[PDB]
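[1] PDB entry and its sequence, pasted below:
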Amino acid sequence: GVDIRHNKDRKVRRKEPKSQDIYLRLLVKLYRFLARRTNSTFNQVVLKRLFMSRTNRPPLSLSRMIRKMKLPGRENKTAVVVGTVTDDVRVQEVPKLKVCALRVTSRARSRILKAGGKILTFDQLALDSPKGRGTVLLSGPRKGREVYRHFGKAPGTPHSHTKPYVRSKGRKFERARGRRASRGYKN
Amino acid sequence: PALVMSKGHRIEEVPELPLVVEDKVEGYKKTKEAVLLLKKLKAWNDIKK
Amino acid sequence: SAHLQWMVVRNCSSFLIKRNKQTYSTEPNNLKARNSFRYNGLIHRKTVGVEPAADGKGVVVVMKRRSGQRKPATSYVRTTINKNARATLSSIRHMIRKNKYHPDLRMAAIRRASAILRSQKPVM
Amino acid sequence: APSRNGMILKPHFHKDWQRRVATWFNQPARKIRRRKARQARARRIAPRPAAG
Amino acid sequence: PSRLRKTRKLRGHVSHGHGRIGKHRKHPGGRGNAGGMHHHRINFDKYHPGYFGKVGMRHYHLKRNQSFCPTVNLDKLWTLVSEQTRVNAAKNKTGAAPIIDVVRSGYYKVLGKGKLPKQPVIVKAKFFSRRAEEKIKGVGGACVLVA
Amino acid sequence: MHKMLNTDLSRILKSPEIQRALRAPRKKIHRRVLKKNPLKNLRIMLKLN
Amino acid sequence: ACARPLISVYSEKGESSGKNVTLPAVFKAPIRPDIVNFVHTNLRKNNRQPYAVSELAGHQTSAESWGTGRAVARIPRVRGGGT
RNA sequence: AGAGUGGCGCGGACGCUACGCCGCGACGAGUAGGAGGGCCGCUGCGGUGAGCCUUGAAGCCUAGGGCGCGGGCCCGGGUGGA
RNA sequence: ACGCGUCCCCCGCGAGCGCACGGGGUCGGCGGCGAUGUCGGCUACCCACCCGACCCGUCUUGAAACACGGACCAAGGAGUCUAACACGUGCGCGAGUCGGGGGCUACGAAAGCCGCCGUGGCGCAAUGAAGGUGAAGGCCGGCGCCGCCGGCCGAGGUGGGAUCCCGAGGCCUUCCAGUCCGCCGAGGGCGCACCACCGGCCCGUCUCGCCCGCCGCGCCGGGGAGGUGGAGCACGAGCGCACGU
RNA sequence: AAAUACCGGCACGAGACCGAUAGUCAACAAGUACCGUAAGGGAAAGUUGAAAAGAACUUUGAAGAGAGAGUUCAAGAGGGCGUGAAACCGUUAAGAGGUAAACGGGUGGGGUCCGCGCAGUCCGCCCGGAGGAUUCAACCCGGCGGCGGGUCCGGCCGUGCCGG
């Protein structure tokens, strides 16, 4: 008898994506070939972002995209964005770029085609840089959802900065006893 | 064209067209004229099946 | 286009068999009735079909031309070879090698032609 | 067995609501009936418009 | 989906996933909010405290029509008006400020959060914040009130 | 919009632009070796010593 | 893709005609069978008539259980009933 | 497995259902309860097998065979007539 | 331990062969018996003999129990739906989505369209019972000096950090200087997501004094600094449907 | 008067509803038969043969009940007559009987029947004995198809560019 804890014997990460589409799976099986042949970590990170689904990635914003492009040290250098780039309306000036992504919204596509940007697919990017020669690998900010206000410390507790599940906030909903100092106590 | 053979239709009778016929098809008012049009277009085996 | 529709064909089709742990395809261009991507002629541009004739006289060959994209009938052309097995397999090997038309399935076409001539050989 | 942190509600199902059941069976029937009544009214008033 | 449930996989069980001793009975604890002060006090007051009691003046005949007042920011001010005005604002060398009506968009109070490009526009709204007024007087633009 | 333009993965992989800088495929099957006893067997002990 | 071939529209008698019309872009559309199958299973359910079992059957006949004993298995049985 | 500037012949297997293949190692108990897979089965709906048969459809028995680690299936013999 | 043209402390290709304790069984060795009862029968029919062998479900820590119910068999037969949620997964567009109500055109109570039918829900802005308010700033001159005339930069800073960029140079052929391409690398940064803190701003309120404003010069109105509390800002992300727990 | 409700009745149509212990309790002379002094309660129940061609004729026996014939494709459909399941009983054949009975493992013996075994797969290449087929290397004529007419020509296409 050997005392081996068999709890963490199988890795809980995905071996295949749960989505059912024919255009994504062929690209996934091609990046399997590229990740097993190329020794670089670039194709492995691209493959792992192909494992992470829509719920596992945040939507990237155009304002933060331009803000990260304003950083130095990336002049004349393309950025490979895996997730979707949503249009942000709080922008006025935009230079020419080379945007390559899965899904770009129509207002952002109109702005890029007005500025003079060449939108290309991932197959020509893989032909240009298989190992990732001359690319910037970026990811969106994950702290951009409503549920993060509910994560963390439990409410009804002193110093708990967490939004409780209230059906409707107002003047009488959860105000008298637990909030006031006169009516009983407060936390 | 492979999905038509996977469904099971007789694809051999049409030589080359994603079939578009002239505007005089609606002018026919006879089943014998319809059968004659199907024999001229050779697409009779799919209905014989 | 090529690898895209194969995932749709392999899911549901009338020619595919699912019984007695035997997953195979029964397409007429599919030689040896084996379900694979290499064993297909409908999707690929180059198509080689080894079939017996209506009578028991040799092997008919169904060749596919360059212009065949949406043509079911007028793309393919039929010819009939009625000779002995040695010169028949030699002519098929010359068609595969010297004409440079689909040099992939060489031994399988040889075994298929041998099985077809063994089948159309008259019974004792 | 009440669960963890979530919303709270007052489900008004203590009464016998199976007695008073009125679900939408005749939505397209009422639409076709109003359509035929409007066409009959439009055929009734011949010089007058639909609005009036 | 009856075949896509756990009730087909759990065929051949005594209590159907409800323990050997403590079976799935009718009401072990109570019905709804039964005993909220005695023994469900630990359940309710730890997660959601504050509901027990009165607060404020009881406003009986309340209406949301007078209380409805949405706000608008200076950052999304150019998003409402088309792009030809943004061309003409840079084209104007004299400084003819275009008229941007907030009542047409359906907002009353104008606040200031983000960056505004340095060119004057005419803003016609009902309310104006003091810091947004300072930004308008710093950049360029008027503040026409409306009744 | 389409997700990919040139839908021919074999034509993509047979291109020289990818196949220029790649590693060689290690196509060699390695089965397990039967560990013979060097105390009993003679010329295995001569090999490793 | 963006490249679209030319279609020779045939006549009704069988032979080809002289009119040639450019192929539309619908014939080069991306294929998605999952959404088609989902809308198929929705629309095949959206033309189905409901059915019902008579609710009053069972509560019209009155009964009363005697309880334990009396050679019964604690089932409400028929009172009287000389048949 | 580099590249340049100078002193007789007409031949060679399996492979690749890439949701497939096998290579090298570790382990095999476990109720309640949770997770995954069933080419396990019943009855219905939309298509499909140029599906089946009064020269035997379905259902019932069997000292006959084999397929399975299993939920089950196939024909040999009797009833049987859609 | 075994030709020499090339550095001493010191007296870069030879051709053939036989057999193998050399990466998991072979024979280039054999013998019998078989056409009217013999040959094979593990699966299945019966019997004999050896070992083990308390009657199935419930209860409780503990049941085969002198604890409970059970004569046998065919058929029937016991976590289902709506509403509201917490989480996970798939699609669509995206600061928008949603026609679920209304109107227009046998199967088809199918289906198509509306956009001046988006009336309306949700959310991109919080804090107060309310009167209400509302979510950066910095640099340089005119002025030991407050207020304002001007210009410029702009959504903060530090540390740990995926991967890219540059490269001290290196990567062998009778000879040597010697070109672009390819691979690796001493070392240095822009620093992705994420974590830790310091920040700055808003709202209700406490303390402290001062500066401003006027068609309506006061028990007026605005502002500054340090704390306290906030489901806050720190550069959107949700909406509509289908399934499971 | 107008758009609102309909579970009973008058005429129908349709169904991813059920199929003789199911479906309205009632598919048939069903609130019918029946029970209670009464307000009341409340059943069981389909499938001959396409066609009755429903068995004439002989005999036993008082008749009941048998034994031969006839009809039909078949009585294998015999007046409670679609097919013929188990629990239960008996008969024909086989096996065992002083530690109720049976099962799990190892085999042993006898038969049930199955192997259509009882003179036993062969296949590619070379050579020889006598063979047969006007039959091959090689060369003209006609037809079809592919590599690439590199750098022959012109149209077509491009979510390409520059314009009128």
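    Done, it's in. Residues are numbered from 1 along each chain as shown, chains lettered A, B, ... in the order given.
[2] what does stretch C:89-98 rub up against?
    C:48, C:50, C:61, C:81, C:83, C:101-103, C:106, C:109-110, C:113-114 (CB atoms under 8 Å, 6 or more residues apart in numbering or on different chains). For every residue, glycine as well, the C-beta is placed using N, CA and C.
[3] my bad, should have said stretch C:100-120
    Under the criterion CB under 8 Å, 6+ apart, residues C:31-32, C:38-39, C:44, C:46-48, C:50-52, C:56, C:59, C:85, C:88-89, C:92-93, C:95-97 lie in contact with stretch C:100-120.
[4] so how many other residues sit close to residue F:45?
    13 (other CB atoms under 10 Å in any protein chain shown).
[5] where does the closest residue to chain A within chain F fall, helix, sheet strand or coil?
    Across chain F, no residue is closer to chain A than residue F:3, which sits at 4.4 Å (CB to the nearest CB). When classified by DSSP: H, G, I helix; E, B strand; the rest coil, residue F:3 comes out as coil.
[6] Once you drop chain neighbours, what's closest to it?
    Nearest non-adjacent residue to residue F:3, counting by CB to CB, 6 or more residues apart in numbering or on different chains: residue A:23, 4.4 Å away.
[7] show me the contacts for that neighbour.
    Per CB under 8 Å, 6+ apart, neighbours of residue A:23: C:4, F:2-4, G:30.
[8] could the residues you listed be laid out in JSON lines, adding neighbour count?
    As requested, the contacts of residue A:23 are arranged in JSON lines below (neighbours: other CB atoms under 10 Å in any protein chain shown):
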{"residue": "C:4", "neighbour count": "17"}
{"residue": "F:2", "neighbour count": "12"}
{"residue": "F:3", "neighbour count": "17"}
{"residue": "F:4", "neighbour count": "20"}
{"residue": "G:30", "neighbour count": "13"}
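[9] Residue A:116: which of those residues is nearest?
    Residue A:116 has its nearest neighbour among these in residue F:2, at 21.6 Å by CB to CB.
[10] thought the closest one was touching residue G:29?
    No. Applying CB atoms under 8 Å, one finds residue F:2 not in contact with residue G:29, separated by 9.3 Å.
[11] Check whether residue E:29 really touches residue D:1, as I assumed.
    Yes. The pair residue E:29 and residue D:1 passes the contact test of CB under 8 Å, sitting 6.5 Å apart.
[12] before we move on, back to that, which of the contacts of stretch C:100-120 fall in strands?
    By the criterion of DSSP state E, membership of those in strands covers C:48, C:50-52, C:59.
[13] Weed out the non-buried ones from those.
    C:48, C:50, C:52, C:59 (16 or more other CB atoms under 10 Å in any protein chain shown).
[14] Of these, just say which sits nearest to RNA strand J.
    The closest of those to RNA strand J turns out to be residue C:48 (CB to the nearest atom of the strand; 11.0 Å).
[15] Would you check that the closest one makes contact with residue C:39?
    No. Using CB under 8 Å, residue C:48 is not in contact with residue C:39; the gap is 11.0 Å.
[16] Residue E:29 and residue D:1: who's more crowded?
    residue E:29 (12 against 6).
[17] Mind telling me what element the more buried one is part of?
    Assignment of secondary structure by DSSP states H and E places residue E:29 within no helix or strand.
[18] Let me see the contact set for it.
    Residue E:29 is in contact with D:1-2, E:35, E:40, counting by CB under 8 Å, 6+ apart.
[19] Most neighbours among those residues, which one?
    Ranking the contacts of residue E:29 using other CB under 10 Å puts residue E:40 first, with 15 neighbours.
[20] need the contact list for it.
    By CB under 8 Å, 6+ apart, the residues touching residue E:40 are D:2, E:29-30, E:33-34.
[21] so who does residue A:55 touch?
    With CB under 8 Å, 6+ apart, residue A:55 has no contacts at all.
[22] what's the answer for residue C:85, then?
    Contacts of residue C:85 by CB under 8 Å, 6+ apart are C:113-114, C:117.
[23] Counting neighbours, which of these end up buried?
    Applying 16+ other CB under 10 Å to the contacts of residue C:85, the neighbour count classes C:113, C:117 as buried.
[24] Which of the contacts of residue C:85 fall in helices?
    C:113-114, C:117 (DSSP state H).
[25] on that earlier part again, farthest pair in the ones in strands among the contacts of stretch C:100-120?
    Maximum distance among the ones in strands among the contacts of stretch C:100-120 (CB to CB): 15.0 Å, for C:48 and C:52.
[26] count of neighbours near residue 21?
    Reading this off chain A. 14.
[27] Wait, chain F was what I had in mind.
    Residue F:21, neighbours per other CB under 10 Å, totals 10.
[28] what sits against it?
    Counting by CB under 8 Å, 6+ apart, residue F:21 makes contact with A:130-131.
[29] for it, phi and psi?
    Per-residue torsions, residue F:21: phi -110, psi 90 (degrees, to the nearest 10).
[30] and stretch B:1-21, anywhere near chain C?
    Yes. Part of stretch B:1-21 sits near chain C under the criterion CB under 8 Å from any CB of the partner chain, namely B:1-3, B:5-8, B:11-16, B:18.
[31] Quick check: bridge partners of the spatially most central residue of chain C?
    Centroid check for chain C by CA atoms, centre = their mean gives residue C:49 as the closest residue, at 2.8 Å. Beta bridges link residue C:49 to residue C:62, judged by DSSP bridges.
[32] wait, it sits on residue C:62?
    Yes. Between residue C:49 and residue C:62 there is a contact under CB under 8 Å: 3.9 Å.
[33] Spit out the residues that contact those two alike.
    Contacts common to residue C:49 and residue C:62, judged by CB under 8 Å, 6+ apart, are residue C:29.
[34] check contacts around residue A:186.
    A:178-180.
[35] now do residue A:162
    A:149-155.
[36] same thing but 10 Å
    Going by CB atoms under 10 Å, 6 or more residues apart in numbering or on different chains, residue A:162 touches A:148-156, D:5.
[37] Kindly report the same for residue A:174.
    Counting by CB under 10 Å, 6+ apart, residue A:174 touches A:155-156, A:164, A:166, E:48-53, E:55.
[38] Which residue ranges of chain A form strands?
    A:60-61, A:78-81, A:85-86, A:135-138.
[39] Can you point out the buried residues in the last one?
    Of the residues in strand A:135-138, those scored as buried under the neighbour-count criterion (16+ other CB under 10 Å) are residue A:135.
[40] Which of the contacts of residue E:29 sits closest to chain B?
    Set against chain B, the nearest of the contacts of residue E:29 by CB to the nearest CB is residue D:1 (52.2 Å).
[41] I'd like to check the angle between the helix or strand encompassing residue C:111 and strand C:48-52, please.
    Per DSSP H and E, residue C:111 falls inside helix C:107-120. For helix C:107-120 against strand C:48-52, the angle by axes from the mean of the first three to the mean of the last three CA atoms, to 10 degrees is 10 degrees.
[42] quick one: buried residues of helix C:107-120?
    For helix C:107-120, the neighbour count (16+ other CB under 10 Å) marks C:109-110, C:112-113, C:116-117 as buried.
[43] tell me the secondary structure for the nearest residue to residue G:19 once chain neighbours are set aside?
    Using CB to CB, 6+ apart and skipping the chain neighbours, the partner closest in space to residue G:19 is residue G:9 (5.2 Å). Three-state assignment for residue G:9 (three-state DSSP): strand.
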